[PDB]
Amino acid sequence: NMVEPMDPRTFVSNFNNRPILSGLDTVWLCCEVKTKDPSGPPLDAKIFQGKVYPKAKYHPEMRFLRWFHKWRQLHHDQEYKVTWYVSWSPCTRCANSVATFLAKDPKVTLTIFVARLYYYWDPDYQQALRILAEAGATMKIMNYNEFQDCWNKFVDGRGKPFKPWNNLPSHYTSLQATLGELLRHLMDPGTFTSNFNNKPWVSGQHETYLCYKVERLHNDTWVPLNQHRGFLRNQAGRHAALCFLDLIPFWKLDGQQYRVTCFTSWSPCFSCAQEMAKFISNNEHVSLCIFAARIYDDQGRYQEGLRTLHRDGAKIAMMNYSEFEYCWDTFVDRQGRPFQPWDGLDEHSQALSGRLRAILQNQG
């Protein structure tokens, strides 16, 4: 079995799913590496533990990555299926290191079972889970069978079986509903209504939401690629347009002709416009179309940015009624409700279209 199994009290203290209020100290990761055949024996199994504070370098997911890099050198270059049972959901830094690892090595596939979710006072925690999902990691809450499997495979049970605790199924249900909500797919209607708006009073909105879709040129028709379809938002300290650029390479598009469409609630500031100019200049097989609900004055060179983005290709347009309705129909968890326009939508669209046409062309 295992070289040094987990102590039953450690398991009971850490692999549990009832809500608690204490801060984190140590997190545990039970890890199993298998071949491509699910009924093959496990190639290896190891337990990792790490202190949450004060450095993420020592979190068990980082220890796993460093371990796995040396461990894989000692076998043939083959496909691996890795499974983690982890007592708490990973931190943002580790979510990003794992997503990058998965993206750079397609021969590894990862399934992550978490006992409980932790959020780390991170305003961008949701986007960390979403980046893991985009890099191919499967993430589920541990249910009865997984707790019992981790008990059998990793705990020094001394013949004793997994004894469940009271309300285990109920905590599972609540956590899994929470996880599914964090991994949505379709945007919340209140989110759409708070952000995709063009009234000149913007209700103090500093967030930028971005709905994206990709089409491929195939026998001279544009065919949708619905597996690359969704929405994102800005991060604390990283603008939404930059996160969109960071998302694109996870799609691993080939050299065919692609058309990427973004509906963004704010047009790009100058710096994000310049990064988008660089991206489209280095990826000319990719046609970029940006529709903005509002024009963002970054108190600087945003007009130069919009003109530079327009000149390097890229269609830039203000959203009209039709684009708003399309975004609602296509990206919103609307449950059959129709689009509901707000007063002045068409007039503000017309005024903003004029301002944009004036920015392009010239006068400033």
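A residue's number is simply how far along the shown sequence it sits, counting from 1.
As the entry records it, the average C-alpha temperature factor is higher for 284 to 292, out of 284 to 292 and 265 to 273. Two stretches are in play, 247 to 255 and 191 to 199, and the higher mean C-alpha B-factor belongs to 247 to 255. The PDB entry gives the largest Cα B-factor of the residues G136, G157, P123, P90 to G157. If you compare the C-alpha temperature factors of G204, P106, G180, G230 in the entry, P106 comes out highest. Placement of the Cα temperature factor of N226 within the chain: highest third of the modelled residues, per the deposited record.
Split the chain's modelled residues into thirds by C-alpha temperature factor. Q350 is in the middle one. In the deposited entry, the Cα temperature factor of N14 places it in the lowest third of its chain's modelled residues.
Compared with the other modelled residues of the chain, the Cα B-factor recorded for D297 ranks in the middle third. When all modelled residues of the chain are sorted by CA temperature factor, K36 is found within the highest third.
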